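Structure record follows, encoded as C-alpha cells.
Number of protein chains: 6
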Amino acid sequence: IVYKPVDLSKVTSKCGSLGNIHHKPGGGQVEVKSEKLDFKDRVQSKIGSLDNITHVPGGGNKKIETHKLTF
Amino acid sequence: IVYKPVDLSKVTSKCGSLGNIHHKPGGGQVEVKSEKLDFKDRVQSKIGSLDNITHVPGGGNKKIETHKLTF
Amino acid sequence: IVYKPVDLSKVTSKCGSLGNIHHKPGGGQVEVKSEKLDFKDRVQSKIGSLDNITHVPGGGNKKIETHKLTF
Amino acid sequence: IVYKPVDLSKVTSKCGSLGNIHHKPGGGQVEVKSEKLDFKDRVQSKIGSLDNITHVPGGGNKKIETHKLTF
Amino acid sequence: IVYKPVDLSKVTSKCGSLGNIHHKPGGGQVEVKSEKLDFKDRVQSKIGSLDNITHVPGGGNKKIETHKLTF
Amino acid sequence: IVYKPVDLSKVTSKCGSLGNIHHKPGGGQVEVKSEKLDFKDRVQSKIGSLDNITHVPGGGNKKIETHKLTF
C-alpha cells in the first residue's frame, strides 16, 4: 500500500476595501452656517471629514488536520 | 494499492469594495444655511464628508482535513 | 505500508483596508460658522479630520494537527 | 441500609415590579391653570410627579427541616 | 436497601409587572383649565403623573422537609 | 446504617422593585399657575417630584433545623 495524497490547494478571503483608487477626493468646497439651533439629545456630525476607518472583528482562520494509521 | 489523489483547487471570496476608481469625487460646492431649528431626539448629520468606512465581521476561513488508513 | 501524504496548501485572510491609494485627499476647503447653538447631551463632531483608524479584535489563527499510529 | 436523598431544588418568588424598562417617560408637557377654586375638605394632588414607591410587608421565607434516626 | 431519591425541581411565582417596556410614555400635551369650581368633600387628583407604585404583601415562601429512619 | 441526606436547595424571595431601568424620566415640562385658591383642610401636593421611596417591614427569614439520633 502506497498512500501519497497531495494537497496544493488555496482557501482565500479578500474582504472589505481592497485595491481602490481615490484620486483628489474632496477637492471642492463646503460652507456650513448655523445660527441658533437647540439639541436636546445626542449629536453626531461630520463636515468635510474624509476619514479612513477599518473595523475587522472577522478574518480568523482554522486549519484542523487529523491523521490515523491503524494496523 | 496506490492512493495518490491530488488537490490543486482554489476557494476564494472577494467581498465588499474591490478595484474601484473614484476620480475627483466631491469637486463641487455644498452650502448649508440653518437658522433656528430645534431637535428633541438624536441627530446624525453628514455634510460633504466623503469618508471610507469598512466593517468586516466576516471573511473567516475553515479547512478541516481527515486521513485514515485501516489495515 | 508507505504513508507519505503532503500538504503544501495555503489558508489566507486579507480583511480590512489593503492596497488602497489615496492621492491628495482633502485638498479642498471647509468653512464652519456656528453662532449660538445649545447642546443638552453628548456631541461628537469631525470637521476636515482625515484620520486613519484601525480596530482588529479578529485575525486570530488556530492550527490543530493530530497524528496516531496504532499497531 | 444507605439513606442518601438529595435536594437541589429551588423555591422562588418574584413579586412586584421586576426587569421593566421606562425609556424617556414624561417627556411631554403639563400645564395646570386654576383661578379661584375652594376646597372644604382634604386635597391630595399630583402634577407631573413620576415617583417610584415600593411597600414590601411580604417576601418573608420559612424553612423547617427535621431529621430523626431511631434504633 | 438503598434510598437515594433526587429532587432537582423548581417552584416559581412571577407576579405583578415583569419585563415590560414603556417607550416614550407621556410624550404628549396636557392642559387643565379650572376657573371657579367648589369642592364640599375630599379631592384626589392626578394630572400627567406617570408614577410607579408597588405593594407586595404576598411573595412569601414556605419549605417544610421531614426525614425519619426507623429500625 | 449510613445516614447521609444532602440539601443544596435554594429558597428565595425577590419582592418590590428589582432590576428596573428608568432612562431620562421627567425630561419634559411642568407649569402650575394657581391664582387665589382656598383650602379649609389638609393639602398634600407633589409637582414634578420624581422621588424614590422604599418601606420593607417584610423580608424576614426563619430557618429551623432539628436532628436526633436515638439508640
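Heads up: the protein sequence lines correspond to chains H, B, V, G, S and E, in order.
Here the first sequence is numbered in the UniProt record's numbering, starting from 625 and rising by one per residue.
Here the second sequence is numbered in the UniProt record's numbering, starting from 625 and rising by one per residue.
Here the third sequence is numbered in the UniProt record's numbering, starting from 625 and rising by one per residue.
Here the fourth sequence is numbered in the UniProt record's numbering, starting from 625 and rising by one per residue.
Here the fifth sequence is numbered in the UniProt record's numbering, starting from 625 and rising by one per residue.
Here the sixth sequence is numbered in the UniProt record's numbering, starting from 625 and rising by one per residue.
Where is the CB? At the ideal position from N, CA and C, for every residue including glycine.
**OP:** Report the residue from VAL630(H), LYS670(H), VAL635(H) and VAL626(H) whose alpha carbon sits nearest the alpha carbon of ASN685(B).
**Re:** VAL635(H)
**OP:** Under 8 angstroms between beta-carbons, which chain V residues line up against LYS687(B)? List them in chain order, please.
**Re:** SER633 and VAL635
**OP:** Given a cut-off of 8 angstroms, decide if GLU655(S) and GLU659(G) are closer than it, judged by their beta-carbon atoms.
**Re:** no
Original post:
If you draw a straight line from the C-alpha of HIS679(H) to the C-alpha of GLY651(S), how long is it?
Top reply: 37 angstroms
Original post:
Mapping DSSP to helix, strand and coil, what is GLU659(G)?
Top reply: coil
Subject >> Cβ pair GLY640(H), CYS639(V) closer than 8 angstroms >> reply: yes
Original post:
Alpha carbon to alpha carbon, what distance is there between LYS687(B) and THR694(B)?
Top reply: Going by the C-alpha atoms only, they are around 23 angstroms apart.
**OP:** In angstroms with no decimal places, state the Cα-to-Cα distance between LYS657(H) and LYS664(E).
**Re:** 59 angstroms
Original post:
When the Cα atoms are used, what is the spatial distance from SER673(H) to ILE677(V)?
Top reply: 13 angstroms
Original post:
In or out: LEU632(E) buried (at least 16 other Cβ within 10 Å) or exposed?
Top reply: By the neighbour-count criterion, in which a residue is buried when 16 or more other Cβ atoms sit within 10 angstroms of its Cβ, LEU632(E) is exposed.
**OP:** Using 10 angstroms around the beta-carbon of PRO649(E), count the other beta-carbons present and answer buried if the total reaches 16, otherwise exposed.
**Re:** buried
Original post:
residue 713(V) bridges to which residues according to DSSP?
Top reply: No answer is possible for residue 713(V): it lies beyond the span of chain V, which begins at 625 and ends at 695.
Subject >> Backbone CA spacing between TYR627(B) and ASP675(H) [nearest angstrom] >> reply: If you draw a straight line from the Cα of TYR627(B) to the Cα of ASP675(H), it comes to about 55 angstroms.
**OP:** Would you kindly check if the distance between the Cβ of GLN653(G) and the Cβ of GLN653(S) is under 8 angstroms?
**Re:** yes
Original post:
From what residue to what residue does the beta strand (DSSP E) around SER673(G) run?
Top reply: In the DSSP assignment, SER673(G) falls outside any beta strand (DSSP E), carrying neither H nor E.
Original post:
Less than 8 angstroms separating the beta-carbons of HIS646(B) and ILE645(H)?
Top reply: yes
**OP:** Express the C-alpha separation of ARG666(H) and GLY682(B) in angstroms, rounding to a whole number.
**Re:** 30 angstroms
Subject >> Assigned exposure category for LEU661(G) - 16 Cβ within 10 Å defines buried >> reply: Of the residues assessed, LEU661(G) falls on the buried side of the cut-off, its CB having 16 or more other CB atoms within 10 angstroms.
**OP:** Return helix, strand or coil for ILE625(H), following the three-state DSSP convention.
**Re:** Coil.
**OP:** May I ask you to list the residues that DSSP assigns as paired with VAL680(H)?
**Re:** The partner list for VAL680(H) (beta bridge, DSSP) is empty, contrary to what the question assumes.
Original post:
So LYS687(S) is in the beta strand (DSSP E); what residue range does that whole segment cover?
Top reply: That run of the beta strand (DSSP E) goes 685-694.
Original post:
Sorted by chain position, which residues of the same chain lie with C-beta nearer than 6 angstroms to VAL630(G)'s C-beta, five sequence neighbours on each side aside?
Top reply: none
Original post:
Can you list, in chain order, the residues of its chain whose CB lies under 8 angstroms from that of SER637(G), leaving out five sequence neighbours each side?
Top reply: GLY683
Subject >> Per-residue DSSP class, three states only, for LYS634(E) >> reply: strand
**OP:** Note down the Cα distance separating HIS691(B) from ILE671(H), rounded to an integer number of angstroms.
**Re:** 58 angstroms
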